[PDB]
Structure formats: structure tokens, C-alpha cells
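Source file: protein02.csv (CSV, N, CA and C atoms)
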chain,number,residue,atom,x,y,z
K,15,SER,N,-6.1,46.5,16.2
K,15,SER,CA,-6.0,47.0,17.6
K,15,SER,C,-5.5,48.4,17.6
K,16,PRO,N,-6.4,49.4,17.5
K,16,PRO,CA,-6.1,50.9,17.5
K,16,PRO,C,-5.4,51.4,18.7
K,17,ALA,N,-5.1,52.7,18.7
K,17,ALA,CA,-4.5,53.4,19.8
K,17,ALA,C,-3.1,52.7,19.9
K,18,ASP,N,-2.7,52.2,18.8
K,18,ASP,CA,-1.4,51.4,18.7
K,18,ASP,C,-1.1,51.4,17.2
K,19,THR,N,-2.1,51.4,16.4
K,19,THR,CA,-2.0,51.4,14.9
K,19,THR,C,-1.5,52.8,14.6
K,20,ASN,N,-1.8,53.7,15.4
K,20,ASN,CA,-1.4,55.1,15.2
K,20,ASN,C,-0.9,55.7,16.5
K,21,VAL,N,0.4,55.9,16.6
K,21,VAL,CA,1.1,56.4,17.7
K,21,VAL,C,2.1,57.5,17.2
K,22,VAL,N,1.9,58.7,17.7
K,22,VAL,CA,2.7,59.8,17.2
K,22,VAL,C,3.5,60.5,18.4
K,23,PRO,N,4.6,61.2,18.2
K,23,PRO,CA,5.3,61.8,19.2
K,23,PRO,C,4.4,62.6,20.1
K,24,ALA,N,4.4,62.4,21.4
K,24,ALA,CA,3.5,63.1,22.4
K,24,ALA,C,3.7,64.6,22.3
K,25,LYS,N,2.7,65.3,22.9
K,25,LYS,CA,2.7,66.8,23.0
K,25,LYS,C,4.0,67.4,23.6
K,26,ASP,N,4.7,68.1,22.8
K,26,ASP,CA,6.0,68.7,23.3
K,26,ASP,C,7.0,67.7,23.6
K,27,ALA,N,7.0,66.6,22.9
K,27,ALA,CA,7.9,65.5,23.1
K,27,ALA,C,9.4,65.8,23.3
K,28,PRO,N,9.9,66.7,22.4
K,28,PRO,CA,11.4,67.0,22.4
K,28,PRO,C,11.9,67.1,23.8
K,29,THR,N,11.2,67.9,24.7
K,29,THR,CA,11.6,68.0,26.1
K,29,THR,C,10.4,67.9,27.0
K,30,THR,N,10.0,66.6,27.3
K,30,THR,CA,8.9,66.4,28.2
K,30,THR,C,9.5,65.9,29.5
K,31,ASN,N,10.2,64.8,29.4
K,31,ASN,CA,10.9,64.2,30.6
K,31,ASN,C,12.0,65.1,31.2
K,32,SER,N,12.6,65.9,30.4
K,32,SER,CA,13.6,66.8,30.8
K,32,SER,C,13.4,67.4,32.2
K,33,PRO,N,14.2,67.1,33.2
K,33,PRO,CA,14.1,67.5,34.5
K,33,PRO,C,14.7,68.9,34.7
K,34,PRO,N,14.1,69.7,35.6
K,34,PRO,CA,14.5,71.1,35.9
K,34,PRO,C,15.9,71.2,36.5
K,35,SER,N,16.9,71.3,35.7
K,35,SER,CA,18.3,71.3,36.2
K,35,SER,C,19.0,72.6,35.8
K,36,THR,N,20.1,72.9,36.6
K,36,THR,CA,20.9,74.0,36.4
K,36,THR,C,22.4,73.6,36.3
K,37,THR,N,22.6,72.3,36.4
K,37,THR,CA,24.0,71.8,36.3
K,37,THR,C,24.4,71.4,34.9
K,38,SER,N,23.8,70.4,34.3
K,38,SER,CA,24.1,70.0,33.0
K,38,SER,C,22.9,69.8,32.0
K,39,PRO,N,21.9,70.7,32.2
K,39,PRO,CA,20.7,70.7,31.3
K,39,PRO,C,20.6,69.4,30.4
K,40,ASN,N,21.3,69.4,29.4
K,40,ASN,CA,21.2,68.3,28.4
K,40,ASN,C,21.5,66.9,29.0
K,41,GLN,N,22.7,66.7,29.6
K,41,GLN,CA,23.1,65.4,30.2
K,41,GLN,C,21.9,65.0,31.1
K,42,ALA,N,21.5,65.8,32.0
K,42,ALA,CA,20.5,65.6,33.0
K,42,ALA,C,19.2,65.1,32.3
K,43,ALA,N,18.9,65.7,31.1
K,43,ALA,CA,17.7,65.3,30.3
K,43,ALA,C,18.0,64.0,29.5
K,44,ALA,N,19.1,63.9,29.0
K,44,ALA,CA,19.5,62.7,28.2
K,44,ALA,C,19.5,61.5,29.2
K,45,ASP,N,19.2,61.7,30.5
K,45,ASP,CA,19.2,60.7,31.5
K,45,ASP,C,17.7,60.4,31.9
K,46,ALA,N,17.0,61.5,32.2
K,46,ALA,CA,15.6,61.3,32.6
K,46,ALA,C,15.0,60.5,31.4
K,47,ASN,N,15.3,60.8,30.2
K,47,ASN,CA,14.9,60.1,29.0
K,47,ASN,C,15.4,58.7,29.0
K,48,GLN,N,16.7,58.6,29.4
K,48,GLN,CA,17.3,57.3,29.4
K,48,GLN,C,16.6,56.3,30.3
K,49,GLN,N,16.4,56.7,31.6
K,49,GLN,CA,15.7,55.8,32.5
K,49,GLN,C,14.2,55.7,32.1
K,50,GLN,N,13.7,56.8,31.6
K,50,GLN,CA,12.3,56.9,31.1
K,50,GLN,C,12.0,55.8,30.2
K,51,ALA,N,12.8,55.7,29.1
K,51,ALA,CA,12.7,54.6,28.1
K,51,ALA,C,12.7,53.3,28.8
K,52,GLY,N,13.3,53.2,30.0
K,52,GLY,CA,13.4,52.0,30.8
K,52,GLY,C,14.7,51.3,30.6
K,53,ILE,N,15.5,51.8,29.6
K,53,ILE,CA,16.8,51.3,29.3
K,53,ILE,C,17.7,51.4,30.5
K,54,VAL,N,18.1,50.3,31.1
K,54,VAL,CA,19.0,50.3,32.2
K,54,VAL,C,20.3,50.9,31.9
K,55,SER,N,21.0,51.5,32.9
K,55,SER,CA,22.3,52.1,32.7
K,55,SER,C,23.3,51.1,32.2
K,56,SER,N,23.5,50.1,33.1
K,56,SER,CA,24.5,49.0,32.8
K,56,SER,C,24.3,48.4,31.4
K,57,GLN,N,23.1,48.5,30.9
K,57,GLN,CA,22.8,47.9,29.6
K,57,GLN,C,23.4,48.6,28.5
K,58,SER,N,23.1,49.9,28.4
K,58,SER,CA,23.7,50.7,27.3
K,58,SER,C,25.0,51.2,27.9
K,59,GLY,N,26.2,50.8,27.4
K,59,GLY,CA,27.4,51.2,27.9
K,59,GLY,C,27.9,52.5,27.4
K,60,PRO,N,28.9,52.5,26.5
K,60,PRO,CA,29.5,53.7,25.9
K,60,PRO,C,28.4,54.7,25.4
K,61,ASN,N,27.3,54.2,24.9
K,61,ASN,CA,26.2,55.0,24.4
K,61,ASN,C,25.7,56.1,25.4
K,62,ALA,N,25.0,55.6,26.5
K,62,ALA,CA,24.5,56.5,27.5
K,62,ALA,C,25.5,57.3,28.3
K,63,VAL,N,26.7,57.4,27.8
K,63,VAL,CA,27.8,58.2,28.4
K,63,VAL,C,27.7,59.7,28.1
K,64,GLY,N,28.3,60.0,27.0
K,64,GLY,CA,28.2,61.4,26.6
K,64,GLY,C,27.1,61.7,25.6
K,65,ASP,N,25.9,62.1,26.1
K,65,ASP,CA,24.8,62.3,25.3
K,65,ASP,C,23.8,63.4,25.8
K,66,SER,N,23.2,64.1,24.9
K,66,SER,CA,22.3,65.2,25.3
K,66,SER,C,20.9,65.0,24.7
K,67,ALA,N,19.9,65.7,25.3
K,67,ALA,CA,18.5,65.6,24.8
K,67,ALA,C,18.1,67.1,24.8
K,68,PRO,N,17.1,67.5,24.1
K,68,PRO,CA,16.7,68.9,24.2
K,68,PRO,C,16.3,69.0,25.6
K,69,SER,N,16.7,70.1,26.3
K,69,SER,CA,16.2,70.2,27.7
K,69,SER,C,15.2,71.3,27.9
K,70,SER,N,14.3,71.0,28.8
K,70,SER,CA,13.2,72.0,29.1
K,70,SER,C,13.7,73.3,29.7
K,71,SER,N,15.0,73.3,30.0
K,71,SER,CA,15.6,74.6,30.5
K,71,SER,C,16.5,75.3,29.5
K,72,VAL,N,17.4,74.6,28.8
K,72,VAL,CA,18.3,75.1,27.9
K,72,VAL,C,17.9,76.3,27.0
K,73,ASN,N,16.6,76.4,26.7
K,73,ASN,CA,16.0,77.5,25.8
K,73,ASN,C,16.7,77.5,24.4
K,74,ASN,N,16.1,78.2,23.5
K,74,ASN,CA,16.5,78.2,22.1
K,74,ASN,C,18.0,78.6,21.9
K,75,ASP,N,18.5,79.4,22.8
K,75,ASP,CA,19.9,79.8,22.6
K,75,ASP,C,20.7,79.1,23.7
K,76,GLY,N,22.0,78.9,23.5
K,76,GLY,CA,22.8,78.2,24.4
K,76,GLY,C,22.4,78.5,25.9
K,77,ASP,N,22.3,79.7,26.3
K,77,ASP,CA,21.9,80.1,27.7
K,77,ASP,C,21.0,79.2,28.5
K,78,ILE,N,21.4,78.8,29.7
K,78,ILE,CA,20.6,77.9,30.5
K,78,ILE,C,19.5,78.7,31.3
K,79,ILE,N,18.3,78.9,30.6
K,79,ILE,CA,17.2,79.6,31.2
K,79,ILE,C,16.8,79.0,32.5
K,80,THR,N,16.0,79.9,33.3
K,80,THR,CA,15.5,79.5,34.6
K,80,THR,C,14.1,79.9,34.7
K,81,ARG,N,13.4,80.1,33.6
K,81,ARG,CA,12.0,80.5,33.5
K,81,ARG,C,11.7,80.9,32.1
K,82,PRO,N,10.5,80.6,31.6
K,82,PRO,CA,10.0,80.9,30.3
K,82,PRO,C,10.7,82.1,29.6
K,83,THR,N,11.1,81.9,28.3
K,83,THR,CA,11.8,82.9,27.5
K,83,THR,C,11.0,84.2,27.6
K,84,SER,N,9.6,84.1,27.7
K,84,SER,CA,8.7,85.2,27.7
K,84,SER,C,8.7,85.9,29.1
K,85,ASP,N,8.8,85.2,30.2
K,85,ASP,CA,8.8,85.8,31.5
K,85,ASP,C,10.2,86.4,31.8
K,86,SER,N,11.1,86.1,31.0
K,86,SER,CA,12.5,86.5,31.1
K,86,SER,C,12.6,87.9,30.4
K,87,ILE,N,11.9,88.0,29.3
K,87,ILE,CA,11.9,89.3,28.5
K,87,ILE,C,11.1,90.3,29.4
K,88,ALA,N,10.1,89.7,30.1
K,88,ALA,CA,9.3,90.4,31.0
K,88,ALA,C,10.1,91.0,32.2
K,89,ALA,N,11.1,90.3,32.6
K,89,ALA,CA,12.0,90.8,33.7
K,89,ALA,C,12.7,92.0,33.2
K,90,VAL,N,13.5,91.9,32.2
K,90,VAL,CA,14.3,93.0,31.6
K,90,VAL,C,13.4,94.2,31.4
K,91,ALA,N,12.2,94.0,30.7
K,91,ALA,CA,11.3,95.0,30.4
K,91,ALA,C,10.8,95.8,31.6
K,92,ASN,N,10.3,95.0,32.6
K,92,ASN,CA,9.8,95.6,33.9
K,92,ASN,C,10.8,96.5,34.6
K,93,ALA,N,12.0,95.9,34.7
K,93,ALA,CA,13.1,96.6,35.4
K,93,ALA,C,13.5,97.9,34.7
K,94,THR,N,12.8,98.3,33.7
K,94,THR,CA,13.1,99.6,33.0
K,94,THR,C,11.8,100.3,32.6
K,95,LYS,N,11.3,101.1,33.5
K,95,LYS,CA,10.0,101.9,33.3
K,95,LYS,C,10.0,103.2,34.1
K,96,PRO,N,10.7,104.2,33.6
K,96,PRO,CA,10.7,105.5,34.3
K,96,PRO,C,9.3,105.9,34.7
K,97,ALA,N,9.1,106.6,35.8
K,97,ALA,CA,7.7,107.0,36.2
K,97,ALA,C,7.0,107.8,35.2
K,98,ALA,N,6.0,107.3,34.6
K,98,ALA,CA,5.2,108.0,33.5
K,98,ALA,C,5.0,109.4,33.9

Is it possible to express this structure as C-alpha cells?
Amino acid sequence: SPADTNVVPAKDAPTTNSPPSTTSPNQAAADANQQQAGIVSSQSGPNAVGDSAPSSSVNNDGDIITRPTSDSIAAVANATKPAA
């Protein structure tokens, strides 16, 4: 029974479920993933307490991004263009 014999991490899996948050990026994501898996809260006790998941917002550096790393470089760049 194929399409089962071979299952690999989905496209961009690290941070798929990760919800667009500005409060606790990781916690918020370690939860979308939590409910996502279907694992009820009351079921996993101590575990689902202090935990993080890669977040779709957190970006590669600590900083809690609010838009693509690229469109952010684009902001700084644009805001600096003396009249040719």
C-alpha cells in the first residue's frame, strides 16, 4: 500500500503549522504543532508546557521578523537612496 510505504517530511516542514505571532513565536508554534498532531493538551502534561518549534516568524537570527528576511533588507535598502 504505497503513498504510505514512502512518507517524507512535507515541504518546508520545520515551520508549516507555525502561526503568524508576535508574542511568543516558538511557544505559539510549538502549540499549533501540538494541536496539529492531534495530541490533546490534557494528555501530554509536563511535556507540552515549556517547548518551542521553529517558527515561521522567528527568522534565522533571534529577532522576531514580521516579513520575509528579503523584504526586510528591501526596507532598509529603499529607505536609503539619495536622488540620483

- Item | Atom pair CA of residue 46 (chain K) / CA of residue 34 (chain K): separation (Å) |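 If I compute the distance from CA of residue 46 (chain K) to CA of residue 34 (chain K), I get 10.4 Å.
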
- Task: Mind listing the helix (DSSP H, G or I) residues of chain K, per DSSP on the backbone, as a ChimeraX atom specification?
- Result: /K:27-29,39-50,83-92

Identify, on the basis of all atoms listed in the file, every residue whose closest approach to residue 43 (chain K) does not exceed 8 Å; exclude the query and any residue fewer than 6 positions from it along the same chain; express the result as a tab-separated table (two decimals) with N, CA and C atoms, keeping the file's coordinate frame.
chain	number	residue	atom	x	y	z
K	29	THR	N	11.20	67.90	24.70
K	29	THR	CA	11.60	68.00	26.10
K	29	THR	C	10.40	67.90	27.00
K	31	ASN	N	10.20	64.80	29.40
K	31	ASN	CA	10.90	64.20	30.60
K	31	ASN	C	12.00	65.10	31.20
K	32	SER	N	12.60	65.90	30.40
K	32	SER	CA	13.60	66.80	30.80
K	32	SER	C	13.40	67.40	32.20
K	33	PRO	N	14.20	67.10	33.20
K	33	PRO	CA	14.10	67.50	34.50
K	33	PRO	C	14.70	68.90	34.70
K	34	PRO	N	14.10	69.70	35.60
K	34	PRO	CA	14.50	71.10	35.90
K	34	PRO	C	15.90	71.20	36.50
K	35	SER	N	16.90	71.30	35.70
K	35	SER	CA	18.30	71.30	36.20
K	35	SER	C	19.00	72.60	35.80
K	49	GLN	N	16.40	56.70	31.60
K	49	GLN	CA	15.70	55.80	32.50
K	49	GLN	C	14.20	55.70	32.10
K	65	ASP	N	25.90	62.10	26.10
K	65	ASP	CA	24.80	62.30	25.30
K	65	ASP	C	23.80	63.40	25.80
K	66	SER	N	23.20	64.10	24.90
K	66	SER	CA	22.30	65.20	25.30
K	66	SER	C	20.90	65.00	24.70
K	67	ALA	N	19.90	65.70	25.30
K	67	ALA	CA	18.50	65.60	24.80
K	67	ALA	C	18.10	67.10	24.80
K	68	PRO	N	17.10	67.50	24.10
K	68	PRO	CA	16.70	68.90	24.20
K	68	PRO	C	16.30	69.00	25.60
K	69	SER	N	16.70	70.10	26.30
K	69	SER	CA	16.20	70.20	27.70
K	69	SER	C	15.20	71.30	27.90
K	70	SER	N	14.30	71.00	28.80
K	70	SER	CA	13.20	72.00	29.10
K	70	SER	C	13.70	73.30	29.70

- Query: Could you work out how far CA of residue 63 (chain K) lies from atom C of residue 25 (chain K), giving the answer in Å with one decimal?
  - Reply: 26.0 Å

- Go ahead and compute the interatomic distance for atom C of residue 89 (chain K) and CA of residue 36 (chain K), in Å to one decimal. 20.0 Å

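Here the question is which of K:60, K:48, K:53, K:40 gets nearest to residue 76 (chain K) using only C-alpha atoms, and that residue is K:40.
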
- Task: Mind checking which residues fall within 12 Å of residue 73 (chain K), counting only C-alpha atoms, ignoring those fewer than 4 positions away in the same chain, and posting them as a list in words?
- Result: residues 28, 29, 39, 40, 68, 69, 77, 78, 79, 80, 81, 82, 83, 84 and 86 of chain K

Size and centre in Å, one decimal, axis-aligned box, all listed region 39-44 of chain K atoms plus 8 Å per side, as lines of an AutoDock Vina configuration file:
center_x = 20.4
center_y = 66.1
center_z = 30.6
size_x = 21.4
size_y = 25.2
size_z = 20.8

- For residue 41 (chain K), which residue out of K:55, K:24, K:64, K:97 is the nearest one, using all atoms listed in the file?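 The closest residue to residue 41 (chain K) is K:64.
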
- Message: Taking all atoms listed in the file into account, name the residue in K:56, K:92, K:51, K:38 that is nearest to residue 72 (chain K).
- Response: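 The shortest atom-to-atom distance to residue 72 (chain K) comes from K:38.
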
What would region 74-97 of chain K look like with N, CA, C and O atoms restored, written as a PDB file, in the frame of the given file?
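Generated output (rebuild.pdb):
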ATOM      1  N   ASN K  74      16.100  78.200  23.500  1.00  0.00           N
ATOM      2  CA  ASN K  74      16.500  78.200  22.100  1.00  0.00           C
ATOM      3  C   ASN K  74      18.000  78.600  21.900  1.00  0.00           C
ATOM      4  O   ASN K  74      18.508  78.330  20.799  1.00  0.00           O
ATOM      5  N   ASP K  75      18.500  79.400  22.800  1.00  0.00           N
ATOM      6  CA  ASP K  75      19.900  79.800  22.600  1.00  0.00           C
ATOM      7  C   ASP K  75      20.700  79.100  23.700  1.00  0.00           C
ATOM      8  O   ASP K  75      20.149  78.656  24.696  1.00  0.00           O
ATOM      9  N   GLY K  76      22.000  78.900  23.500  1.00  0.00           N
ATOM     10  CA  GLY K  76      22.800  78.200  24.400  1.00  0.00           C
ATOM     11  C   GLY K  76      22.400  78.500  25.900  1.00  0.00           C
ATOM     12  O   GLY K  76      22.021  77.479  26.569  1.00  0.00           O
ATOM     13  N   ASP K  77      22.300  79.700  26.300  1.00  0.00           N
ATOM     14  CA  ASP K  77      21.900  80.100  27.700  1.00  0.00           C
ATOM     15  C   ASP K  77      21.000  79.200  28.500  1.00  0.00           C
ATOM     16  O   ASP K  77      19.887  78.839  27.978  1.00  0.00           O
ATOM     17  N   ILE K  78      21.400  78.800  29.700  1.00  0.00           N
ATOM     18  CA  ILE K  78      20.600  77.900  30.500  1.00  0.00           C
ATOM     19  C   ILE K  78      19.500  78.700  31.300  1.00  0.00           C
ATOM     20  O   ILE K  78      19.672  79.089  32.415  1.00  0.00           O
ATOM     21  N   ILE K  79      18.300  78.900  30.600  1.00  0.00           N
ATOM     22  CA  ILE K  79      17.200  79.600  31.200  1.00  0.00           C
ATOM     23  C   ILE K  79      16.800  79.000  32.500  1.00  0.00           C
ATOM     24  O   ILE K  79      17.059  77.891  32.878  1.00  0.00           O
ATOM     25  N   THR K  80      16.000  79.900  33.300  1.00  0.00           N
ATOM     26  CA  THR K  80      15.500  79.500  34.600  1.00  0.00           C
ATOM     27  C   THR K  80      14.100  79.900  34.700  1.00  0.00           C
ATOM     28  O   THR K  80      13.546  80.016  35.839  1.00  0.00           O
ATOM     29  N   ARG K  81      13.400  80.100  33.600  1.00  0.00           N
ATOM     30  CA  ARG K  81      12.000  80.500  33.500  1.00  0.00           C
ATOM     31  C   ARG K  81      11.700  80.900  32.100  1.00  0.00           C
ATOM     32  O   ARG K  81      12.530  81.527  31.403  1.00  0.00           O
ATOM     33  N   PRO K  82      10.500  80.600  31.600  1.00  0.00           N
ATOM     34  CA  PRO K  82      10.000  80.900  30.300  1.00  0.00           C
ATOM     35  C   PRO K  82      10.700  82.100  29.600  1.00  0.00           C
ATOM     36  O   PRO K  82      10.787  83.203  30.127  1.00  0.00           O
ATOM     37  N   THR K  83      11.100  81.900  28.300  1.00  0.00           N
ATOM     38  CA  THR K  83      11.800  82.900  27.500  1.00  0.00           C
ATOM     39  C   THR K  83      11.000  84.200  27.600  1.00  0.00           C
ATOM     40  O   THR K  83      11.527  85.309  27.628  1.00  0.00           O
ATOM     41  N   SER K  84       9.600  84.100  27.700  1.00  0.00           N
ATOM     42  CA  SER K  84       8.700  85.200  27.700  1.00  0.00           C
ATOM     43  C   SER K  84       8.700  85.900  29.100  1.00  0.00           C
ATOM     44  O   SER K  84       8.729  87.173  29.101  1.00  0.00           O
ATOM     45  N   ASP K  85       8.800  85.200  30.200  1.00  0.00           N
ATOM     46  CA  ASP K  85       8.800  85.800  31.500  1.00  0.00           C
ATOM     47  C   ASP K  85      10.200  86.400  31.800  1.00  0.00           C
ATOM     48  O   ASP K  85      10.354  87.074  32.817  1.00  0.00           O
ATOM     49  N   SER K  86      11.100  86.100  31.000  1.00  0.00           N
ATOM     50  CA  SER K  86      12.500  86.500  31.100  1.00  0.00           C
ATOM     51  C   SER K  86      12.600  87.900  30.400  1.00  0.00           C
ATOM     52  O   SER K  86      13.282  88.816  30.898  1.00  0.00           O
ATOM     53  N   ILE K  87      11.900  88.000  29.300  1.00  0.00           N
ATOM     54  CA  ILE K  87      11.900  89.300  28.500  1.00  0.00           C
ATOM     55  C   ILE K  87      11.100  90.300  29.400  1.00  0.00           C
ATOM     56  O   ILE K  87      11.395  91.461  29.466  1.00  0.00           O
ATOM     57  N   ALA K  88      10.100  89.700  30.100  1.00  0.00           N
ATOM     58  CA  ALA K  88       9.300  90.400  31.000  1.00  0.00           C
ATOM     59  C   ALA K  88      10.100  91.000  32.200  1.00  0.00           C
ATOM     60  O   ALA K  88       9.728  92.074  32.753  1.00  0.00           O
ATOM     61  N   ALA K  89      11.100  90.300  32.600  1.00  0.00           N
ATOM     62  CA  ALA K  89      12.000  90.800  33.700  1.00  0.00           C
ATOM     63  C   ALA K  89      12.700  92.000  33.200  1.00  0.00           C
ATOM     64  O   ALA K  89      12.625  93.108  33.860  1.00  0.00           O
ATOM     65  N   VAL K  90      13.500  91.900  32.200  1.00  0.00           N
ATOM     66  CA  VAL K  90      14.300  93.000  31.600  1.00  0.00           C
ATOM     67  C   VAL K  90      13.400  94.200  31.400  1.00  0.00           C
ATOM     68  O   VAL K  90      13.690  95.367  31.743  1.00  0.00           O
ATOM     69  N   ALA K  91      12.200  94.000  30.700  1.00  0.00           N
ATOM     70  CA  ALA K  91      11.300  95.000  30.400  1.00  0.00           C
ATOM     71  C   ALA K  91      10.800  95.800  31.600  1.00  0.00           C
ATOM     72  O   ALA K  91      10.834  97.006  31.692  1.00  0.00           O
ATOM     73  N   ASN K  92      10.300  95.000  32.600  1.00  0.00           N
ATOM     74  CA  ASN K  92       9.800  95.600  33.900  1.00  0.00           C
ATOM     75  C   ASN K  92      10.800  96.500  34.600  1.00  0.00           C
ATOM     76  O   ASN K  92      10.572  97.605  34.984  1.00  0.00           O
ATOM     77  N   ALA K  93      12.000  95.900  34.700  1.00  0.00           N
ATOM     78  CA  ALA K  93      13.100  96.600  35.400  1.00  0.00           C
ATOM     79  C   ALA K  93      13.500  97.900  34.700  1.00  0.00           C
ATOM     80  O   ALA K  93      14.516  98.567  35.114  1.00  0.00           O
ATOM     81  N   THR K  94      12.800  98.300  33.700  1.00  0.00           N
ATOM     82  CA  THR K  94      13.100  99.600  33.000  1.00  0.00           C
ATOM     83  C   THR K  94      11.800 100.300  32.600  1.00  0.00           C
ATOM     84  O   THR K  94      11.191 100.075  31.571  1.00  0.00           O
ATOM     85  N   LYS K  95      11.300 101.100  33.500  1.00  0.00           N
ATOM     86  CA  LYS K  95      10.000 101.900  33.300  1.00  0.00           C
ATOM     87  C   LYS K  95      10.000 103.200  34.100  1.00  0.00           C
ATOM     88  O   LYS K  95       9.438 103.266  35.186  1.00  0.00           O
ATOM     89  N   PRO K  96      10.700 104.200  33.600  1.00  0.00           N
ATOM     90  CA  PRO K  96      10.700 105.500  34.300  1.00  0.00           C
ATOM     91  C   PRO K  96       9.300 105.900  34.700  1.00  0.00           C
ATOM     92  O   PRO K  96       8.306 105.488  34.024  1.00  0.00           O
ATOM     93  N   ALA K  97       9.100 106.600  35.800  1.00  0.00           N
ATOM     94  CA  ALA K  97       7.700 107.000  36.200  1.00  0.00           C
ATOM     95  C   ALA K  97       7.000 107.800  35.200  1.00  0.00           C
ATOM     96  O   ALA K  97       7.441 108.968  34.880  1.00  0.00           O
TER      97      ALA K  97
END
